[PDB]
Amino acid sequence: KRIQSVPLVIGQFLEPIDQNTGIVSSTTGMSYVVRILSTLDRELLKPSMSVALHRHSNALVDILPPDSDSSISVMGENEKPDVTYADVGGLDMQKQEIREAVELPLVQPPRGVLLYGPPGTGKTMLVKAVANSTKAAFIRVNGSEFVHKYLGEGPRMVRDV
Amino acid sequence: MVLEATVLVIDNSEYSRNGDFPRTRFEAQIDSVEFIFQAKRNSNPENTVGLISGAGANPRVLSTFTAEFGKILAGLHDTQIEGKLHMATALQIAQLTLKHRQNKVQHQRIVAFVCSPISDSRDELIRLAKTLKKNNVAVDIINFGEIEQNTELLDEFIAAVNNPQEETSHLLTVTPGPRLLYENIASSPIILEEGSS
Amino acid sequence: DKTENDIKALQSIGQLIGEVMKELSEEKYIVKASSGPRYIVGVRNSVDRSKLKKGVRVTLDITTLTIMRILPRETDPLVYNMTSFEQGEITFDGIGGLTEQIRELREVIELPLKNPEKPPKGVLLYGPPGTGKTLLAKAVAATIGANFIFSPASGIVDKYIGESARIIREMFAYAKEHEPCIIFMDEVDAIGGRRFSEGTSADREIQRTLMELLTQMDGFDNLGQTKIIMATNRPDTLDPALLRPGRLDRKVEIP
Amino acid sequence: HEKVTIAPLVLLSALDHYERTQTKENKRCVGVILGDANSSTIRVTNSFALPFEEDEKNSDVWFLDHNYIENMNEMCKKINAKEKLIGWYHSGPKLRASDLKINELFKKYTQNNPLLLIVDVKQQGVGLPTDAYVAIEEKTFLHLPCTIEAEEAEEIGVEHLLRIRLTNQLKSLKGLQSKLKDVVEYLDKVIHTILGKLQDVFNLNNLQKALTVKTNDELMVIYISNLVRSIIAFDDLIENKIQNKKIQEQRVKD
Amino acid sequence: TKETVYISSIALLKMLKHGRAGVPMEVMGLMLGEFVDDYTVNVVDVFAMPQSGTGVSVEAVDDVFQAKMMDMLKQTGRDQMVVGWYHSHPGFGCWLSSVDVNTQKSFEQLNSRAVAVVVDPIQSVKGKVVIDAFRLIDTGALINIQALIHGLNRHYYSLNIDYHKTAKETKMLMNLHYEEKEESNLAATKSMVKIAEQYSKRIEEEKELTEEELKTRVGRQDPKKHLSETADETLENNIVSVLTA
Amino acid sequence: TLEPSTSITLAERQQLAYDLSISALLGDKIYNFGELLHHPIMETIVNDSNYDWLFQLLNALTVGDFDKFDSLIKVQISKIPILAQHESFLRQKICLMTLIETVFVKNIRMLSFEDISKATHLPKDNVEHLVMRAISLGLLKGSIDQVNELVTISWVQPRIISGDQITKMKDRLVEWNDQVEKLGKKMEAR
């Protein structure tokens, strides 16, 4: 049990090679066959994970529940957005549409919805207004955000985000 | 001269509360101490002294073992002014004090103001005197008492401590009048003359 | 002794930097190296596991790889990559005769600060530059008191195969902290404009960059005390969506 | 109130002090304790022998120097700023009126009322060989309960040492042991009102009501899984192991 | 060559507790013990050099502080030989410094021999202890022999660690974990309050299982795993809930 | 506060302690009952004059007969007549405390109400107040069954004496204790 320890390197799990073998991702861009917890197996082992990595033993120390904001470059979050909807007047059909599209199916089917037009026109305002009411964890993203030389990270949180 | 540890026994007490010559007895005590201790550290550097409370209802060390000013530092603050005899205890502490005296080959010495009516028992007094002589302490006393404190323990005691004088005990019983303690005791082999044994 | 200090200080060694991405445990931290990728790290000492918080710049260790100090923060060449000049050299008057704009812009730029009763989104010069035109910005910048922050374009994405928002948001955030600030983006057709076939020359860089502003503009980011002057010599050279309110509330002619 | 962390480092060392000092029960090896005392849980970082003299032939006669602590803390501070004086220790096992004198000396040197520490240098009785007192005042002094922390770095070396329920009961006697005696002690010691204060909460027993029996109600469901606890045991292994055996025992081709 | 280092775990934990905060820098200072014939390296004690803001350095060693303490220690009756160096080398299997060597080296001059005690305060945390002692040079050896006379001795070169305490502290140390009676049954009689949850817990334990079992028809959320695990924990408390009566 | 120190005079001693013993009356109280009377205010206070009363009041603090005292009453005590209520307050509480302290020992509570409340030998319709009032006596807990004429009671009654449950104490508490060890044999051990 005691062989675990802290001053590690972050990474992302990819896929197990077998039980007690898998490939992970390094934040540094390495990805390799490593060893893992005897703790997790297939059950508690999880399909991809932010993962605690031994350095030179270089193996998986643990999965990581948390975080967010490596690069990528983070996530847009206004938690409880400041916009009420109908604040660009007359969007009902579209307002209902989004509502039809998401707000309702949030309760009960599309996985994704496309807003089309000039944004921030009230168009982007649609989102926040919706996102406001929705009472779910909001994440804004900019395609204009993913532009870090570190072509190694990139999608990494784009997944995890 | 002196290589020995000393203790300063101060009663701040029915006498010290009360000026025996400027500005108070308790104050008259003070600069006389430094005067003494100066000559003590002039006797030799490294000559160490204690400072305790024989005053008040609590016996305790005021300045511990040292060798310079840190005493003069320590003595700087007050005491219970009207306080009462811990002397025996205070002495018995001053004894144990000297039992911890630092970097021995320092003989044991004690210097004692008498600002108190001096309540103790002769045997206890002499048991001290014994214990001193046993421990081999140098004992000199500062006493201006009512009458004085004398024809009493203090007189037996310096004797009772003493096979050799300053290896055990010398006495001076401080007189009244324009008698400056440091000026007075400048005479007595509490200081100067022959200083240690 | 001075030299000796220098002599001495040669023992004083450099210590890595990073922002806390987050706090895993009180000690355990998720910190992307300011030089590189994420790392699981602990606290060190003189460290306030209280103060340690998301996005907080910290000094980091080369070997221990943990916090070597907790830090304030700011980035970028403020006067270079960012260009930081306070206000402007000569006031609106010296170039007077553009007075229409002179007033017209001031009211829609300077004042909306001092009268809480939208704030303006954006203002775009056009016409020939420097007519007082480029100078307007300084003359503009002069009148408000905000820090004029000049933006040339391509440096914001030279190559430099990335650096977009990080650039612009430092331009935003520094200003956002340093506000009042004037943001003046020079003649923005390389990092502005609707592009071409809208194919990829690295245009995808531009669109992003083109959008990074759009994101700050059509996005909730406001001009708090920091304002943005857009510059072009020809207006029609810009993204239609850029001209939009929510991004630009003024299209500034200079006849 | 401020009831405190305990440092094994201290504890051990204090005993080596006791050891080192060659202290006997005639004496109690004494010294500084270290920590930071502000919180409603004080922490004990460290602690230090105060070279000392103790005489109970004449109680108030005993010797100690502060100038240790003087020299001590300086280094200690220089060693660590968090070392700030919280109090002090001694051997013990038990108190002596000499303490109070000793006690208030530290009050000079302490933020709050400083802390006594009893040790049992013979570690005899129980959880703790230890008490820690703080003067209150009619004097008061008081023991708030305390315990060890991690100190895992310690616990790790500690891990190199040693090597569910029952004990919980095992104190069943202890207080109850002395208690009635403690009465009969004071009873026939003087042969106080506090004792009668202790009394009324005795009736706080024979209390039991049908309310009691509601336990089993709860205890009923408590047992539901007892099958299920082992039901999966009741299911899997030797099924598969036999299979695995049936695999393995039939493996046996050539 | 095969040499015996010994610690009173006090000095150990002292180092540790001091080294535990030591990061970034190595904790530095005296080490107190002796040499009994050869092979015998005891440490009764140790202590901090007060921090050197410049970091660990041979200059940073102050012999006043020791003297100060050692006096107060000699006053304590606390007295030993300075037996070598001890430091906290976070994340370091490593080796300490040629300096640290030179540190000890110029120092071990002060002895027949000394130590430089590695501690990785980081990887000491495992629950085992990471730790080491260099002293790099030999007589011949346990008598190694050549590299000194043939010169150029640069190596890791550990010594061989041990330590000893007593059953005395051990008991008291096992005394870690009025007390328990106040502390146990009866302090955790706190059990019946949540019986509805203690139901509900068990009641939720329920659903998780058919679900889990269902899969019985690799990769997982195993049909058999949590099932037991899920409930079984409850049992002890679920059990002892009775006892106090 | 004076308890350690401050030598005084008797005219200082009693007369204060008088006024004290008096202020027991112009207390009266959360009773009290028994008190500092233990401490050397007594002989000292009583003696005589109103101290007789003040002593006889301590008697009424036990006896609680009006006309063992409402006999005695002169102006000063009748000056506050409210003791005539306070002695009822007493008698109840005085009756109660021992009625409380002992009479049920057997997990004492009920005392409910009336004859038990008339066992205070203060009558039933005043019971309908005095007994009815509880912390409307400043003190009592519990409640009323009007119908069944049952006091519900709880604590807010302190008390004293010695010698008795002393032995009982350890007995049961060593009883399970010993017996436990049977169960208390192997469990976490084994």
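Counts of other chain beta carbons within 10 angstrom of each beta carbon in peptide D:171-184 average 6. Expressed as a fraction of 2.2 N^0.38 Å, the value expected for a compact globular protein of N residues, the C-alpha radius of gyration of the range E:2-163 is 0.99. Averaged over the residues of C:26-33, the number of partner chain Cβ atoms lying within 10 Å of the residue Cβ comes to 4. The order of D:62, F:176, going from fewest to most other C-beta atoms within 10 Å of their C-beta, is F:176, D:62.
Computed over the range A:63-143, the Cα gyration tensor eigenvalues convert (square root of 5λ each) into semi-axes of 24, 15, 12 Å, ordered from largest to smallest. Put a dot 7 Å past the Cα of residue F:136, heading toward its Cβ, do the same for residue D:95, and the two dots end up 4.7 nm apart.
Compared with the dominant principal axis of the Cα atoms in chain F, helix F:165-183 is inclined by about 20°.
Residues of A:77-83, mean number of Cβ from any other protein chain within 10 Å of their own Cβ, rounded to a whole number? Write down the numbers at each step before the final one.
Working: counts 0, 2, 0, 0, 1, 1, 1.
That average works out to 1.
Over all orientations, chain D has a Cα convex hull whose mean projected area works out to 25.4 square nanometres.
For chain F, calculate the relative contact order in percent as a whole number, restricting contacts to Cα pairs under 8 Å that are 6 or more residues apart. Numbers along the way, then the final one.
Details: 147 pairs, mean separation 26.4, N = 190.
14 percent.
For the pair residue F:161 and residue F:5, the difference between a 0.36 nm per residue extended length and the Cα-Cα distance amounts to 53.2 nm. Neighbour counts of C-beta atoms inside 10 Å place C:53, E:194, C:133 in the sequence E:194, C:53, C:133, starting with the fewest. Residues of the range B:1-44 falling in the label zone of residue B:57, defined by backbone nitrogen less than 17 Å from a point 7 Å along Cα to beta-carbon, are B:12-14.
Starting with the highest mean, order E:105-112, F:150-157 by the number of other Cβ atoms within 10 Å, averaged over the residues of each peptide. Let's see the in-between values first.
Numbers: E:105-112: 14.6, F:150-157: 16.9.
Answer by packing, highest mean first, reads F:150-157, E:105-112.
Summing Cβ point charges (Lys, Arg +1; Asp, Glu -1) relative to the Cα centre of the range E:178-245 gives a dipole of roughly 320 debye. By the Kirkwood approach, averaging reciprocal distances over each pair of separate Cα atoms, the range C:1-70 gets a hydrodynamic radius of 12.5 Å. Put simply, the Cα atoms of chain F extend 76, 53, 22 Å along their principal axes, the longest span coming first. Taking the charge dipole of chain A about its Cα centre, with +1 at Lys and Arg Cβ atoms and -1 at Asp and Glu Cβ atoms, the residue from A:47, A:109, A:34 reaching farthest to the positive side is A:34. Think of the protein assembly as shown as a dipole: +1 on every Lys or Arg Cβ, -1 on every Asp or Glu Cβ, centred on the Cα centre; then among F:61, A:23, B:160, A:23 lies furthest on the positive end.
Nearest 10 degrees, 0 to 90: what angle lies between the long axis of helix F:10-25 and the longest principal axis of chain F (Cα atoms)? So the inclination is approximately 60 degrees.
Hey, quick one: spin label on residue B:130, modelled 7 Å out along Cα-Cβ, who in the range B:152-185 has an amide N within reach, i.e. under 16 Å? Output list for this probe position: B:157-163. The charge dipole of chain C, taken about its Cα centre with unit charges on the Cβ atoms of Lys, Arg (+1), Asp and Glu (-1) only, comes to about 760 debye.
The distance between label points at residue F:102 and residue D:216 comes to 3.9 nm (points 7 Å beyond Cα on the Cα→Cβ vector). The alpha carbons of the protein assembly as shown give a radius of gyration and a Dmax of 42.7, 125 Å, in that order.
If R0 is 51 Å, the Cβ-Cβ spacing of residue E:137 and residue D:3 corresponds to a FRET efficiency of close to 0.45.
Distance between the pseudo-spin-label points of residue F:73 and residue D:143 (7 Å out from Cα toward the beta carbon): 5.4 nm. For the pair the range B:1-51 and the range B:152-176, the centres of their Cα atoms are 17 angstrom apart.
Over 21 Å between Cα atoms: which of C:28/C:54; A:123/C:54; A:1/E:215; D:171/E:194 fall into that group?
Working: C:28/C:54 13 Å; A:123/C:54 31 Å; A:1/E:215 30 Å; D:171/E:194 27 Å.
In this structure, A:123/C:54; A:1/E:215; D:171/E:194 lie more than 21 Å apart at Cα.
Note on residue C:111 and residue A:82: with the Förster distance fixed at 41 Å, the Cβ-Cβ geometry gives a FRET efficiency of about 0.95. Candidates E:238, E:193, E:210 compared by Cα position along the dipole of the range E:178-245: farthest toward the positive end lies E:210, with charges placed on Cβ.
Ranked by the mean number of other Cβ atoms within 10 Å of their residues, highest first, the peptides A:96-105, A:51-60 come out as A:51-60, A:96-105. Which value, in debye to the nearest 20, describes the size of the charge dipole of the range E:2-163 about its Cα centre when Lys and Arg Cβ atoms bear +1, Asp and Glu Cβ atoms bear -1, and nothing else is charged? In debye, rounded to 20, the range E:2-163 gives about 400. Counted residue by residue at 0.36 nm each, then reduced by the alpha carbon distance between them, the extension gain from residue F:168 to residue F:84 reaches 26.2 nm. Calculated FRET efficiency, residue E:148 to residue D:38, Cβ-Cβ distance, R0 = 51 Å: about 0.40 to the nearest 0.05.
For a label point 7 angstrom out from the Cα of residue C:236 toward its Cβ, which stretches of the range C:94-128 have the backbone nitrogen within less than 14 Å? Counting only backbone N, you get C:127. Over 19 Å apart at the Cα level, from the set D:94/E:181; B:130/D:57; D:209/F:185; C:8/E:68; A:149/C:32, are D:94/E:181; D:209/F:185; C:8/E:68.
So basically every Cβ, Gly included, is an ideal-geometry build from the backbone, and we count neighbours across all protein chains shown. Bear in mind these aren't lab numbers, they're just calculated from the coordinates by the rules spelled out.
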